[PDB]
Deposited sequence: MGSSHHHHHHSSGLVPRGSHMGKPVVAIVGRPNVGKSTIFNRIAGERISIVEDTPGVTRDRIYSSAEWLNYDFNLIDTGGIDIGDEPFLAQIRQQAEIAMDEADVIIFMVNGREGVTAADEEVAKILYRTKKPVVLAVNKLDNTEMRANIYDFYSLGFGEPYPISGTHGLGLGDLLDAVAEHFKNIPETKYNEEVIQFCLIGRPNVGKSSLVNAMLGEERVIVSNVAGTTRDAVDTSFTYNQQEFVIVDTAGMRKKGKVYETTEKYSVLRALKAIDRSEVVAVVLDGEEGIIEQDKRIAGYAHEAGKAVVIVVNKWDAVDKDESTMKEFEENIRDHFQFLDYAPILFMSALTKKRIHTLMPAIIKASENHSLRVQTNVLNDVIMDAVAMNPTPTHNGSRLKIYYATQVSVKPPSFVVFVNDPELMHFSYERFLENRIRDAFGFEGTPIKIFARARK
């Protein structure tokens, strides 16, 4: 059922590898070979220089679910490879990097490079595990890539439906028209609210336990890129709130914290500040998440919601230039020298971004064991000051050369 495409510039070995993994055409589409302990389909995308590659990658991004990006080892990172790379940045679909005919392929921004040789198929098993690992996250409801998908989550009666209503009443919104999702544009940009139906549940059904509502909300997050955590300003914070937010975080989604029912709280300057501090103390792992106070009922500050979601989404998607990132790491190191761990002091040789949604970074080191979690936090903070990243978690992995 899953579909795999091979993308690269010409003379890299696409046809060899492709013919190797292709079984027979179906009736262009080929299914996978018999020798593979893996079931999937391939799509051929082959037949100016930048304009023909433009066609291929486009076709893959629409048709394929997982894309293999092929470069040439013996040559290396050619500027021609760097162009194809730039094209593929245009997709939220998974890309695995293959290096044919076989160390700053990391400096192409797709993470670990999988060496192969279409000779006696060396390295192919690792390549296919990476490719296949994505098959489970293949969305069931598929939207256009320009669409920004988000969900609202929070306990019974926080005002999810009401916040939605209030959002959709603004002059800037045009609502369209799975009978679970709501589509609309805002400043003519496309959005989908995941699983609005689930918010409108009772009225056809008695909720009798929360346990199914929880699990369904988890599937809505899996489907989103931004999660609005909505808290009741009147009744405060509870245990269930931490858990669902916990999941969102561990899943690497952008997060915005929404405090609804602000109208129903005794407000002076202090109460807002204390409620904010309260949230930072209960949700210690969400410091990157901004906090919006509003009221779905009075419409106070409700016009701040969509801008914040747009911003969290952008930061979730952001790609840094490597040169700037390395300036920033080395600046962090100068200001704050690295710790020892028994005679041996951590050294950082180089950093690259390996992926987006959420942004992830690899720093090449001395030895990964020497990098304390607290120093990791510190490097994360320095990257935040330099680039922004409000509204998204970020990941830093330490790896050894070599």
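Several segments of the deposited sequence are absent from the coordinates, namely 1 to 22, 50 to 60, 81 to 86, 142 to 150, 226 to 231.
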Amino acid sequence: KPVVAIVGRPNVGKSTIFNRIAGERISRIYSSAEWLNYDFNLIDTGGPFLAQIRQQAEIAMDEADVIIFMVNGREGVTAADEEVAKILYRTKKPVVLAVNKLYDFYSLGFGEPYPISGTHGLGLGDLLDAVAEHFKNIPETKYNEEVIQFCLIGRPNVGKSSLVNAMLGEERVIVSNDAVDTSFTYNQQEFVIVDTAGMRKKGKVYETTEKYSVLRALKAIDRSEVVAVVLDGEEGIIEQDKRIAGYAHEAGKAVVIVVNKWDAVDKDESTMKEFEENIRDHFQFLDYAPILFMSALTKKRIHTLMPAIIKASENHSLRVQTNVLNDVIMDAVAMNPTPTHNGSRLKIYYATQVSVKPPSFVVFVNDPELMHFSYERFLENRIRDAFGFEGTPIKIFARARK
From here on, numbers count along this sequence of modelled residues.
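Here the rigid core means the biggest group of C-alpha atoms that line up within 1.5 Å when the two forms are laid on top of each other.
Of 203 to 211 and 280 to 288, the stretch whose C-alpha atoms sit farther from the shown form in 5 other deposited structures of this protein, after fitting on the rigid core, is 203 to 211.
Superposing the other copies on the rigid core and comparing 341 to 349 to 359 to 367, farther C-alpha placement in 5 other deposited structures of this protein marks 341 to 349. Higher mean CA temperature factor, per the PDB entry, when comparing 56 to 64 with 329 to 337: 56 to 64. Taking the mean C-alpha B-factor of each stretch as recorded, 195 to 203 and 166 to 174 are not equal, and the higher mean is that of 195 to 203.
Comparing C-alpha B-factors across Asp268, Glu277, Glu225, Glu314 in the deposited entry, the largest value falls on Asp268. Highest CA B-factor among the listed residues (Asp126, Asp181, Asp104, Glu146): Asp104. Annotation for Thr392: C-alpha temperature factor in the lowest third relative to the rest of the modelled chain, per the entry.
Residue-level temperature factors show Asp81 in the highest third of its chain, judged at the C-alpha atom. The entry lists a Cα temperature factor for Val12 that places it in the highest third of the chain's modelled residues.
Per-chain ranking of the deposited C-alpha B factor places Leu122 in the highest third. Remark: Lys92 belongs to the highest third of its chain, ranked by C-alpha B-factor as recorded.
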